[PDB]
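Here it is, the structure, as structure tokens.
We call the chains A, B, C, D, E and F, going by the order they appear; numbering starts again at 1 in every chain.
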Amino acid sequence: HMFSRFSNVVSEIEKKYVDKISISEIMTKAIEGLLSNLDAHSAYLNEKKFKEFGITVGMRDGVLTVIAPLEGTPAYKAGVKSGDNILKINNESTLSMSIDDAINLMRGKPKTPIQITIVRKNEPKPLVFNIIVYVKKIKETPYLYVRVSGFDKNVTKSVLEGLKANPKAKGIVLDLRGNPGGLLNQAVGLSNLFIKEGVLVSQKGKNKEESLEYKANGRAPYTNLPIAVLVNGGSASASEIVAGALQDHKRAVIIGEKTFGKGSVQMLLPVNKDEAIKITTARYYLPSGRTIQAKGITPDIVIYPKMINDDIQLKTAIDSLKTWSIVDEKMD
Amino acid sequence: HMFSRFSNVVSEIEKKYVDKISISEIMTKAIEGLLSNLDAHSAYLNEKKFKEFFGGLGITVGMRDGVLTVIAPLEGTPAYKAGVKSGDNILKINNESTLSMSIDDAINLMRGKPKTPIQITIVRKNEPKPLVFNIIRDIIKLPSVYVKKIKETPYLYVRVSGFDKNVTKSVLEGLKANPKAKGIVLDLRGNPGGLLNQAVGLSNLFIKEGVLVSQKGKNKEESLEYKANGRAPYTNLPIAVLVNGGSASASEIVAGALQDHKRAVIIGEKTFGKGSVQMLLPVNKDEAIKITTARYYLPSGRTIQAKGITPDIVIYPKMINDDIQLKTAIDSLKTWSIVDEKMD
Amino acid sequence: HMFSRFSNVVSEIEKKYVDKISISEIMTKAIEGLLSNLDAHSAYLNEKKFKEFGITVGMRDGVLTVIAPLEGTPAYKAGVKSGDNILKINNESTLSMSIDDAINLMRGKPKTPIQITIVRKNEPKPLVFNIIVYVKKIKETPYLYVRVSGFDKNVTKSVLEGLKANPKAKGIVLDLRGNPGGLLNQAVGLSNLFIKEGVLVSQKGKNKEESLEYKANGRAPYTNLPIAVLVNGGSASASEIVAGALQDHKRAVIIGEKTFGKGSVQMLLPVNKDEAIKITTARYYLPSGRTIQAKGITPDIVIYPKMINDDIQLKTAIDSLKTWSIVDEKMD
Amino acid sequence: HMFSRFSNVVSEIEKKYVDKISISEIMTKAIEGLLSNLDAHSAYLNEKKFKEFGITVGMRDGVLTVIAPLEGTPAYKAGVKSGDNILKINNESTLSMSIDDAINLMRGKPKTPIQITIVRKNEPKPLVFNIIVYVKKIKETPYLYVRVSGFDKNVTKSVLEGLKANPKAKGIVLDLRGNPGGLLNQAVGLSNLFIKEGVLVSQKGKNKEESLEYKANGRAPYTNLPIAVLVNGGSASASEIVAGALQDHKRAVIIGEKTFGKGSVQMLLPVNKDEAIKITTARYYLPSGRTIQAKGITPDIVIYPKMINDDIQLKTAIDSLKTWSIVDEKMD
Amino acid sequence: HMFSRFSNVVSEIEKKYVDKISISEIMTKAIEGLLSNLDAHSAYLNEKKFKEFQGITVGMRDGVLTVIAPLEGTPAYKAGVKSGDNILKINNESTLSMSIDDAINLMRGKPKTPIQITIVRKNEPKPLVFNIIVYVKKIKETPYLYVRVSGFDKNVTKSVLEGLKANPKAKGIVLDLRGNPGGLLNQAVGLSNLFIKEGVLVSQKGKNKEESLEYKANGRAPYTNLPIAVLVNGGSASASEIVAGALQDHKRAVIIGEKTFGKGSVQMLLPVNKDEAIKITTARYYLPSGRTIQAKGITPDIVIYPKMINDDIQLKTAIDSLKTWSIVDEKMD
Amino acid sequence: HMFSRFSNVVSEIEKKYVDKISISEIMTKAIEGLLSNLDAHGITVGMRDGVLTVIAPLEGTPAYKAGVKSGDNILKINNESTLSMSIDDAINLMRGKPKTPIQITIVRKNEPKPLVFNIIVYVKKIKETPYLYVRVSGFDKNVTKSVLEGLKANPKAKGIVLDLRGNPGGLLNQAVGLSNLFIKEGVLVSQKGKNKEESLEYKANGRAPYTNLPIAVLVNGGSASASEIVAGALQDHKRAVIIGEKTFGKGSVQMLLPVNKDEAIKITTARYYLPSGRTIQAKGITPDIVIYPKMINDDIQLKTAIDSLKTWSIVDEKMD
């Protein structure tokens, strides 16, 4: 009889444990424990907080870290950076808690100093902080500049208008660095402007049903327009969606540090009034036939660190776009 | 049975998950999740001590702030070459991620055939990167127990770093060899614990009346308790006892019989609060488990495990002048001897 | 006839010396040639000053040194500490003269300008400096810290009322460094509050007459009150004659470094019509059977030479006094 | 009567000078002054020197500078590097002499110990020193890096067969560093490999007759093969022909430091019945129209310094080559 | 008389050369290239301002232009430029191939003009670039008087008659010549100190026996016994060693300082056109010992390398020599 | 007896003092206390900053290689407190059988602690210059003849650099004889006391062969009073140029009165006088110009002395 392990364990732990626990306490402490030990991320949502449902936070190898902070948060002004390994917040250990607790303790009533302690690799001691879409035409360079800090809505038309400003340009710079990512649909729609044939992405799991896929069309006005993409360790999900749609179709050269491979689809479905769960349903797969999750996407060129001259990697990207312009002028 | 409130989740996770995993695997994952929320030093597995019973590197691992930690390097073992020190959080062993397991797993991986190199990655307080230590195993074992006399004074300083082999008789004879000393410095540093019987026997010397240690659970039955008799020969002998982070469990019932009864003076650093006992017992027909069923306490009524033994005098570091802790302890011992002489 | 050698020397010196000398100035240069030659503390005084009647200078092995300055004058603020070997003052060499000459040179009106040069061991160069009784509780501890400003008159009553004001019967720490000393009656009055039986000290010499001795009375209300002595090399005379009675009676443990000896008594006596002589006639002898001169008290504790944490020696004394309180609590 | 000023001047110089001067010396000095103020490459050879007739010497900002040695010569033992100005040779002033004199001093028997003092920018004081054609496959990529050190015959067929051996290279990194080149014919032959049509180089003067023109015919087998040639100050004259054929026709990527504009050719001709001068009657021309002289080939990307990571020049050139290979892959 | 050898060159290079030239161009080029190369101090004035309308001295140290001595009044001294520095550029033009006259004309201009000059100092690897925009002092605690000379003509002869005839207290005077470029031998009025005893002080020689001026001295200088010590350094040139030859050859002083190099030479003007002319060094100054300033200069007897007196060691040694001379005079007297 | 003002003291010290001491010891102490207020009076020791100080070791003794320099005060000898004694005691301690191993502790100015050390006429021709530099080792007898013959060997030199450093000095007669070379008339020295009788005086005769020979003499702290006779003659009669540091002016001379077989007292019954009304004690011969430090450029003293000597020679040649 295989239906016996859990009953015996529950009986022993509800009888002889050093403290007294009932059915409810063991059940709630087993469901969430199974959630946390089952996959990378999971969370049980209570009924009271199920009515409605700072820095962006993402686990790496089990230790909670911040992937890519934003300038709009007070923590960036405090001195937070990418790659920071979070260790303790508000005298509470962070080796075991969900992101939800982090977003409640970070976002809420202002004028509340929060004693966040973070361990950085470059220096031993944990620092303590008491914390509280875009298209440009760079000067002295006719070539356009593109900076994206997230794949929000109403961005495809903005990008089209921004690229309409300088059609004569023989190259653009893509700034996907320090990007947590965004919606897969928005990412593939944005990357549609730089490819014409093939599949932009393939979302596949283990069940053939709901294997959502996105295809290219004839609405791309910048297929042959040279591009060089800047990526780094701190780019995730939709960033690698774009950097796989481009690099897999051989329509770009990817320049920067080796990135961090993450991204999967999850959603909320109420199985009961008092039971709510979250689980990794499916993954993103790039057109080459490989997933983002395992190792990330390796740039062809790797190099580590008015305004163009202040970044060596941007200089290498400028090199690459100028070479592409040279090839275009040679053939034309 | 009332499995339903978890069987709903097992069905959902075995219906809409990325992979197709066996029911046994998800059952094991839920069991480990229950363990990882009840406590921090329990392990549930099929294979156990049925036919387990050698050697080792003499290393010790303990759970602090979610990380295993080496606490007590031993001179007898070849750890001198590796230069292992306390306060080193365990990150990786054998160049693989060892972020979150149990203490028993680390003990089992350490135990094995000797003369085998091991790679230890650990983060030290002042070093910038987790250093890699290449430590070779050995079979030579040697307990560290000795009796010495302090220079230019009748007081004695003796060293006992373990609670094995019932060293109580050796301690008694060493103390009785020179009873002239009106004070003797006892060290609990470099001794994170041992057998409770040896600890009771050692602390029996300094206490003549009252209780010594009481192991209790939430069940009144088997509320085991130890009581000191009148056999205590040194009930009048003053002492100074030094404790630090390198002491736990057995070396914390002594510093609860003395400090809480004013029989001795406690100096050093805040200790490690490992004041509970772990036992193996079966849960099913072919599965055995390791979860605690009772802790143990101090004569004052407080428990060791919850916060750890607190020294009375706190200070941080020719042997007397080498470390300021021994200097302060000798000062306390001399003052106690002077009060004894003034009374005389 | 050894006195005839004096006649021979005085004749050979007053006849063929390269300067004109007479009986008066050969006798005066022998009176002060024998006084301040027997012991460093002896000197000559004139009856012209007899009708008339900031730092402290003690003869450390002949060479004049400074024992302890005073806060009431800017001399202490000038940076002079213990062991400061005086070499010159008022641009005149401090080769060999009595302390009275020095106190005339500097001590007097506060507006009097003084210039002193000192050859300290730490700085090879001779540094030059130009110079123009309470009871307090200890935070977090039952003990109180007591300091004496000086051994002058009417200080015993103040310390007695201060100790009686707060009924702290677990222990007190006593400070002695920085006190040059004073009269014996004040010292015995101050120390009789602690001493109950036996002889606190005995004044003795080669003469069996006037061997003044002070005996403790059974009116001491603080026999069992724990104390730890706080002394250093800057304690002498009245800070070690009565403070040695403690260690002689096993009433305390001294904390610090080896102290200094200034425990010999002297006075003035006429020798001729208008001349006076100062000679150390008798000594202080501790009840153990040994005199202070000149070793002070042998070391007890080896130590490196809000308010409590700032000094290590006070921390060690606090540790010892806490141990004494622990013994008292165990017995009680 | 416009033929009197120079005669008056020479007569005056021969009449009222410090020393008696012959007509030969004054006329020689006047001719040498004309040569020096006329052209910077002149020489004065007599009838005896006419029958009679390693390191590189060139005139930069007036001073004579050594550009780069040859690894075949023992100069590698002497450690001769770039950025050196010859301050003295054999402890003699070298302020102002003709380049031919320095060349003659250098030329001689091999393995001759010669003292040479040079001025280096990094060093604070001048130091004195003593002087006593392969195909490589780039790692991890099918690209190749080729080198040319011997400017002799059959080098064109050797490089052609080397290129034909491994046609898999979708782009090959090139460099002209440390290569001044020799005759123009072999340089035209070498640059013909990358150019299939148009003018390659020309050699002209203000005389229309005898203006040489070299145009590459349709025998180039690598017109579509991408290249990225690296140039620096260590290349001049007969290597800048290639970097003017490629850069101005968009058939390679030119990166590095600016070159030396030694674009003219020197030859010996007789001026008098017994005297001869060595003057440049011809200069080189780039296919764009401008000349190499005095400015040199201008690199497109300008940067300054497993083996790829050692030097930033090869890293940037590899970046450009990889980008061009990606463009070629995108095309097909 | 005959242009043959040069006329072959002109006829050839008028056509055969790479660029187009005319007879006037090559004539001027040959004249300039002969003048500037025949001797280091000879050049032709093509169209200079002296023809139409009518700041430091630069000396060619072994053919290279070097700073001789900046002036305190001009901002050149404030620029920090020291002697022995090889000038390499002035107003974005290389200095390696022109005469001193061009440099001095470019230096002179409207006030408040920041003329840039690049000079390669030996003490620094890189050349710094600076945008350049007689009195007697009673030294403290010393009876001696300090004489500072800003022009050599000021030291020939006036002081016996009027200068030092009113202050006989000067039993010793410090004679300094450091950084003095030179001057004329016969043109000054103000405070002209003199110490030369008698006889020949300087001579001139060459090829033309005519106008071989040799200034002489007579017994009109009663200051032949006043003790002096002379301060010289590398900054002294031309006449500054004429005096240091006169004294050191009359044994009228001992020369204290650092071995120096002078530039004693004479150039004149010979018209070649309506108003302008050319220059050439034809005669040189000769010291009474039987030698001449060029070359290698005159070696000071005492060579020492570098409250006013206490601030410099060399002046501290010169004052020692002056005191020794006073001691000798007191011993004999 | 008339010593009542000392009998009173001896009675008070034999009656009311702490200890009881024999009268002979008190009498010796009284003699020593009298000998220590009228006057402050291998290796050399002298009174500076209140203590005995070493001046300069002799080249022949091992103290030369022991590293003994100037500016050293005596703190201990043989690891005993030596704060205050007479000079004669240390002199007798050092004097005796040579090659005697003995430990001396000396206070060093440029050291953090006083260290312990276990102590166990030539004429040179200056190259390229006619001038010569000479030195003097000791002021003992039969030295004048050697110096005179060395000077007469090469009289061509218009200047000689006299070296008084490293020569402590000696008897007055030797100093007068050796300084007689550079002075032809006048008084040389005067040894006088408060008694007019026995005021020995020395005057130079016409035997001087170098009356016009310019000389530069260098004196510093290393030259004691016993050698400053030459520097008091020359610097005051304008016969040489004195450069260096201030000297050690212990001018006066004492005489010995024996009190036992090996014990004696000394009193300075004789004083020195320079031929200008001055005296050596205690300022010493102040140099005219003061300086503080291929054999010339290594030091500044000889450099400045050679400069002054060359100026002297230039004035001599200008006179000729």
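Following the convention adopted for this analysis, a residue touches a chain if its C-beta (ideal position, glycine included) is under 8 Å from a C-beta of that chain, and two chains touch if they have at least 3 such contacts.
According to UniProt, the chain labels map to these proteins: A, B, C, D, E, F = Carboxyl-terminal protease.
More C-beta pairs touch across one of E-F and A-B than the other; that pair is A-B. Subunit C (Carboxyl-terminal protease) and subunit F (Carboxyl-terminal protease), compared by their mean Cα positions, are separated by 44 Å. Each chain gets one centre point, the mean of its Cα atoms, and the points for subunit A (Carboxyl-terminal protease) and subunit C (Carboxyl-terminal protease) are 78 Å apart. Centre-to-centre separation between subunit A (Carboxyl-terminal protease) and subunit F (Carboxyl-terminal protease), using Cα means, comes to 92 Å. As a whole-number value, the distance joining the C-alpha centres of subunit B (Carboxyl-terminal protease) and subunit D (Carboxyl-terminal protease) reads 79 Å. Within subunit A (Carboxyl-terminal protease), no positions touching two or more other chains are listed.
Taking subunit B (Carboxyl-terminal protease) first and subunit C (Carboxyl-terminal protease) second, the full cyclic order of the chains is B, C, F, E, D, A.
If you check the complex, the residues on subunit D (Carboxyl-terminal protease) that touch subunit E (Carboxyl-terminal protease) are 3, 5-9, 11-13, 16-20, 26-27, 29-39, 61-63, 93, 95-96, 121-124, 205-206, 271-272, 275, 277, 279-283. Interface residues of subunit D (Carboxyl-terminal protease) facing subunit A (Carboxyl-terminal protease) in the complex, by the touch rule stated above, are 226, 228, 250-251, 253, 255, 300-301, 303, 315-316, 319-320, 322-324, 326-331.
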